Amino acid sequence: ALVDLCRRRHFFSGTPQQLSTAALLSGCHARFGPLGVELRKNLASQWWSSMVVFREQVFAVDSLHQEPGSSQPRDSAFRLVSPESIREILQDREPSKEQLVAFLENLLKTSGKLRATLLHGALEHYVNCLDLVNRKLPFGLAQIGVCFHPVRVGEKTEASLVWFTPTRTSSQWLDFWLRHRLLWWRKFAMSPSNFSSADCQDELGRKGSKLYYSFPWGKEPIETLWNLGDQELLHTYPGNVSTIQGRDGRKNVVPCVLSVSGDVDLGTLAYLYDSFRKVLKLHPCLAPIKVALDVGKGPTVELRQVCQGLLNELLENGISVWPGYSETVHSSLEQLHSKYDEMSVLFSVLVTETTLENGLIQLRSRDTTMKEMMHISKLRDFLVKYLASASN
């Protein structure tokens, strides 16, 4: 199974009661180990550059994990209650039946609340980012952060794009974002047909698309699109509309708000399933370990010093390297290759006695399973080129 392999290779982390289909989608436990965290960080980096760096007028937003909290219904998100206050009321002076009802009313009425979606945080920063662009619509706000939803409390890491666009080109911008997100998901996928787009209608009748990933059990909405309109922005900014309307041409227009909400955690699960001898053929832009350095013969000290220099060079060049030469007990070469393939290691480098003589090292490629001899000085350039070619 894929979940067991990910757990043993530290892509996952949890008890067997937590590594189940229902539990994984819940988000009530830290389902990612160190390699899984690195893969999720690679996914976040690929999302960020493809949406905030390579895109025009898209800016970063950071918002709190707590919301002001209101007595409005249909809010199942867990609330914040001060522990000392509850101890003070229950102990010390004794309240009455009515007083405790008032205390519970106050908690519902006035208390913190855990955010359910990143949409509100971006909408709160609408004015500052509008002033950042000199009121020139359109512009977008992006954020990667953990959101809390009732299941216990589940945590899902969401990458949400709130795109402020004029009412005229709302459908065009929505289709633009839909095709761009579909290409982004399919860019890293060995099976890009497993990603699908379906037109969906909101409970208020608003239109959108739900990007799925065809998991082995069924499609899960890894990403959801909505044409929310001006309702949410008007709700979050009551009063004068002058601060709501942005400058688009000679007109001032309240921008329609588009929600592009992904699930980096569910996306990481999708890419782990897509990547799956036992080999996780993760895309080079996503694989957490890209070089594995090992020694092959004696002397240990000189070979270890050569490997240390090579590791320092690769780290200075931004390539993630697994120091496999530091293991006190090393397995066979075949076992190391199998372990690296299960861990989605792009390349394996073995430094031997011949390296001291001429600088030629045995380089192995995960995708082709073909050995190759390459000079030491030409390893770094080869890896950098390969990563650049895979990126573009």
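From 1 onward, residues are counted along the sequence shown. Just so we're on the same page, rigid core means the largest C-alpha set that superposes within 1.5 Å between forms.
Between 232-240 and 286-294, the larger root mean square Cα shift in 4 other deposited structures of this protein, once each structure is superposed on the rigid core, falls on 232-240. Larger average C-alpha displacement in 4 other deposited structures of this protein, relative to the shown form after a rigid core fit, is seen for 328-336 when comparing 328-336 with 59-67. In the other compared entries of this protein that model both flanking residues, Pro95 lacks coordinates in at least a third of them.
In this entry, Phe276 is separated from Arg277 by 10 or more residues of the deposited sequence that have no coordinates. According to the record, no deposited residue between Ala102 and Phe103 is left without atomic coordinates.
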